[PDB]
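Inspection log for the structure reproduced underneath, given as structure tokens.
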Amino acid sequence: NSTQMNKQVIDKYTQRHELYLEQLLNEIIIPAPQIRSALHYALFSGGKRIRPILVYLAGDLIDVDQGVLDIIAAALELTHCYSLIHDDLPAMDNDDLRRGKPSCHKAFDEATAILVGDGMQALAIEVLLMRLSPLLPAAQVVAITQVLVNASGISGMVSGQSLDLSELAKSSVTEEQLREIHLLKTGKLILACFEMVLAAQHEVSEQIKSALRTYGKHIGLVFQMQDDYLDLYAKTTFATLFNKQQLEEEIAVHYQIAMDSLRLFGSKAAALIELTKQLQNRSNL
Amino acid sequence: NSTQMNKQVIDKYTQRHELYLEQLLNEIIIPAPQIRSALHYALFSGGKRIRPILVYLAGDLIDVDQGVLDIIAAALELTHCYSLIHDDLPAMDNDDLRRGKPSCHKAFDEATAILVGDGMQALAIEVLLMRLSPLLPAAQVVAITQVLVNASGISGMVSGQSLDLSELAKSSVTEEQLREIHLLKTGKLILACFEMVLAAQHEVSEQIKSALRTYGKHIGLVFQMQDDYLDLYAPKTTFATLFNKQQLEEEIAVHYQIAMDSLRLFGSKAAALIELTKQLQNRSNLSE
């Protein structure tokens with residue numbers, strides 16, 4: 037009943053987000069029609085939009101304008117999707133397929149896949165700088181754009197993916213290195229949802245900052261724990277380092293920490309709690 | 691004296707730029723050894739890099755802080771370098787050699803080339819945001835970064851390179867289309883040198899703005915004319931297939947002449963840039 041109301045809040049965020057991306061793409065001057073077509077193809081591959089959903093939900097918690105959350109969600113989804121297209125390339129993960137359809141470089145060509153990835157990374161910065169300027173002071177525009185580029189660059193995602201491709205091949209890798217790799221590759225951009233939202237206000241409570249930072253950290257880690265779990269149950273991963281009921285144990289523990297950090301917000305977090313329960317339920321076998 | 695006073699000014703600007711890049715690179719947390727190794731391999735070479743110099747020389751003309759200039763020029767080279775690494779890949783221009791040495795994917799692998807390119811693009815923006823913020827008002831920081839990201843993205847460089855690959859294969863390309871493709875691919879980024887420099891000041895005069903913009907448009911165009919002139923004559927569709935030898939030679943000359951005359955508002959203050967322009971012109975003249 038209130039499960040029904042909460043799922044609809046999430047669904048309305050998803051549909052709002054996807055509509056906003058269409059409008060945004062249409063508003064950009066793109067002299068090469070192949071870039072426009074491949075961008076659309078890439079951006080609409082059936083992604084679950086978890087990074088936008090988190091931006092809206094965490095943004096609701098601290099009452100930022102949904103117009104602002106529209107910009108931030110778009111930026112992150114563009115960044116995330118650029119990385120997917122590049123990761124799919126033959127030189128990296130070499131994925132012929134993404135979900136149902138062929139992957140970007142198969143539906144178009146490799147050059148187009150590379151260039152589109154390059155363009156979406158830039159577009160995400162363009163979108164923040166041009167559309168956050170009328171809604172927010174310039175120092176706030178700088179601060180949140182900083183967060184994205186810190187997390188996505190050589191200090192984060194770029195190093196993390198490099199290490200994902202090189203290190204995981206051999207069996208010299210420790211749990212500590214695996215955790216570090218995943219924190220850089222996925223963990224930091226998941227964090228960036230919460231950091232970019234927090235950087236919309238001047239002075240947020242330190243208890244609120246810490247609660248969202250705890251949720252972000254532990255949700256980002258546990259997704260990967262869940263991914264490795266599912267991979268093997270439905271060379272070295274979380275499934276190699278932990279056994280069946282041990283990796284299961286880790287899943288529940290990190291979800292509980294994530295759940296507990298939201299107790300501060302009480303009623304206001306019921307939709308985020310509901311999302312967290314669905315995400316946890318992806319492994320309820 | 692003055693034929694070597696201004697010549698050494700150009701030499702000193704490369705040295706300053708390379709030294710600023712090293713310091714910058716050695717400060718960022720780069721958790722992957724492959725990344726910091728390939729970054730350093732790609733970013734440092736012999737000879738001079740034209741975009742940072744143009745930033746320095748245009749920045750001098752309107753007397754902006756040289757600390758600011760270091761940052762803008764670094765971000766520009768990082769953006770330029772990322773694009774070269776990506777264009778060098780087998781999916782695109784397929785270059786085994788960048789200049790004289792093996793390209794980034796040949797010295798390392800294609801994944802490292804893609805990723806380092808990806809990280810350089812992000813770094814250029816990081817450098818702009820963190821380093822300009824104690825020096826300039828936040829509004830200017832935003833507008834400076836806007837210029838680079840508009841010129842480098844899908845409305846500019848990315849469409850420019852996509853159309854360079856798909857359309858130039860055909861020989862049905864007009865002079866009009868060829869001029870548009872090169873403006874999107876390189877023209878806008880070269881123009882960004884002058885435009886990012888202009889966004890450092892609050893009340894720049896429109897006669898100054900227009901004088902830089904004219905130099906920028908004609909210089910970015912004529913480099914590509916020179917490139918097409920060079921690798922056909924001295925050592926598909928190009929400027930060298932659409933213009934003949936003598937026509938191209940005059941097109942080179944006229945566009946450089948327009949570029950020279952654009953700086954006469956500055957006068958003797960521009961003598962550094964004029965000598966560089968004449969140096970850039972004469973790598974087409976050495977055939978004659």
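Residue numbers (our numbering), protein chains in the order written: chain A, 37 to 321; chain B, 691 to 978. Heads up, the beta-carbon is just placed ideally off N, CA and C, and yes, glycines get one too.
Minimum Cβ-Cβ distance from residue i to chain A less than 9 Å
| i | result |
| --- | --- |
| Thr927 of chain B | no |
| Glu896 of chain B | no |
| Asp786 of chain B | no |
| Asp799 of chain B | yes |
| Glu865 of chain B | no |
| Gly877 of chain B | no |
| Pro827 of chain B | yes |
| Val758 of chain B | no |
| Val832 of chain B | yes |
| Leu888 of chain B | no |
| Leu733 of chain B | no |
| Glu870 of chain B | yes |
Cutoff 7 Å; reference residue i; Cβ partners in own chain excluding five residues on either side
| i | result |
| --- | --- |
| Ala728 of chain B | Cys794, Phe798, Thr802, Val806 |
| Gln213 of chain A | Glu203 |
| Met193 of chain A | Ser119, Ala187, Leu220, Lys221, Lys224, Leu225 |
| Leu201 of chain A | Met128 |
| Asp123 of chain A | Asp129, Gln197 |
| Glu211 of chain A | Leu277 |
| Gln262 of chain A | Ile287, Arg318, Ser319 |
| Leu733 of chain B | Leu711, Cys771 |
C-beta neighbour in chain B for residue i, strict 9 Å
| i | result |
| --- | --- |
| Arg167 of chain A | no |
| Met128 of chain A | yes |
| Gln237 of chain A | no |
| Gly155 of chain A | yes |
| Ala205 of chain A | no |
| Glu113 of chain A | no |
| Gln59 of chain A | no |
| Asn62 of chain A | no |
| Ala158 of chain A | yes |
| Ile190 of chain A | yes |
| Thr39 of chain A | no |
| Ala68 of chain A | yes |
| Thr181 of chain A | yes |
| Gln197 of chain A | yes |
| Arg87 of chain A | no |
| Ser202 of chain A | yes |
| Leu220 of chain A | yes |
| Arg72 of chain A | yes |
| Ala149 of chain A | yes |
| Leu227 of chain A | no |
| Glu162 of chain A | yes |
| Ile107 of chain A | no |
Expected contact under 8 Å - CB spacing of residue i and residue j to nearest Å
| i | j | result |
| --- | --- | --- |
| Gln836 of chain B | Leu165 of chain A | 5 Å |
| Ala812 of chain B | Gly189 of chain A | 3 Å |
| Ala236 of chain A | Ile180 of chain A | 7 Å |
| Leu822 of chain B | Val758 of chain B | 7 Å |
| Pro742 of chain B | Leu714 of chain B | About 13 Å; that fails the 8 Å criterion. |
| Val163 of chain A | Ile815 of chain B | Between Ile815 of chain B and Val163 of chain A the Cβ distance is about 13 Å, and since that is not below 8 Å, they are no contact. |
| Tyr946 of chain B | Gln969 of chain B | That pair is no contact at about 11 Å. |
| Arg72 of chain A | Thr50 of chain A | Their Cβ separation, rounded to whole angstroms, is 23 Å, which puts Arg72 of chain A and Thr50 of chain A out of contact at 8 Å. |
| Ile150 of chain A | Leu825 of chain B | Actually they are not in contact, since the Cβ atoms of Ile150 of chain A and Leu825 of chain B sit about 34 Å apart, beyond 8 Å. |
| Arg789 of chain B | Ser845 of chain B | About 29 Å separates the two Cβ atoms, so there is no contact after all. |
| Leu300 of chain A | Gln260 of chain A | Not really, about 25 Å apart at Cβ, beyond 8 Å. |
| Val240 of chain A | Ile98 of chain A | 6 Å |
| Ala901 of chain B | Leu853 of chain B | Actually they do not touch by this definition, with Cβ atoms about 30 Å apart. |
Contact set for residue i: own chain, Cβ-Cβ below 8 Å, skip 5 residues either direction
| i | result |
| --- | --- |
| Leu881 of chain B | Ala841, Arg903, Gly906, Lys907, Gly910 |
| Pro138 of chain A | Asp132 |
| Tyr265 of chain A | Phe274, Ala275, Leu283, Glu284, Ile287, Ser319 |
| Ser208 of chain A | none |
| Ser38 of chain A | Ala306 |
| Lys926 of chain B | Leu858, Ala859, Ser861 |
| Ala949 of chain B | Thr904, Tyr905, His908, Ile909, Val912, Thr967 |
Nonlocal neighbours in the same chain, by C-beta distance under 6 Å from residue i, ignoring five residues either side
| i | result |
| --- | --- |
| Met886 of chain B | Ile762, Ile834, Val837 |
Check whether the stretch 708 to 723 of chain B and the stretch 166 to 178 of chain A are in contact - that is, three or more C-beta pairs closer than 8 Å. Contact annotation: the stretch 708 to 723 of chain B does not touch the stretch 166 to 178 of chain A, with fewer than three C-beta pairs closer than 8 Å.
Is the stretch 745 to 752 of chain B touching the stretch 714 to 722 of chain B in the sense that three or more CB pairs, one from each, lie closer than 8 Å? The answer is no - the stretch 745 to 752 of chain B does not touch the stretch 714 to 722 of chain B, with fewer than three Cβ pairs under 8 Å.
Counting pairs of Cβ atoms below 8 Å between the stretch 919 to 934 of chain B and the stretch 968 to 977 of chain B, do you hit three or more? With a cut-off of 8 Å, the stretch 968 to 977 of chain B and the stretch 919 to 934 of chain B count as touching, because enough Cβ pairs lie within range.
Complete runs of the alpha helix (DSSP H) confined to the stretch 693 to 775 of chain B [at least 4 residues]: Entirely contained in the stretch 693 to 775 of chain B, the alpha helix (DSSP H) runs reaching 4 residues are, in chain order, 723 to 733, 740 to 751.
Where in the stretch 184 to 249 of chain A do unbroken runs of the alpha helix (DSSP H), each at least 4 residues long, occur, reported from the N-terminal end onward? Annotation: the stretch 184 to 249 of chain A contains the following complete segments of the alpha helix (DSSP H) (minimum length 4 residues), in chain order: 193 to 203, 211 to 218, 224 to 234.
Complete runs of the beta strand (DSSP E) confined to the stretch 250 to 320 of chain A [at least 3 residues]: Considered as a whole, the stretch 250 to 320 of chain A harbours no complete run of any beta strand (DSSP E) with no fewer than 3 residues.
Could you tell me which whole alpha helix (DSSP H) segments of length 4 or greater appear in the stretch 768 to 824 of chain B? Restricted to the stretch 768 to 824 of chain B, the alpha helix (DSSP H) segments that are unbroken, complete and at least 4 residues in length are 794 to 797, 800 to 822, listed in chain order.
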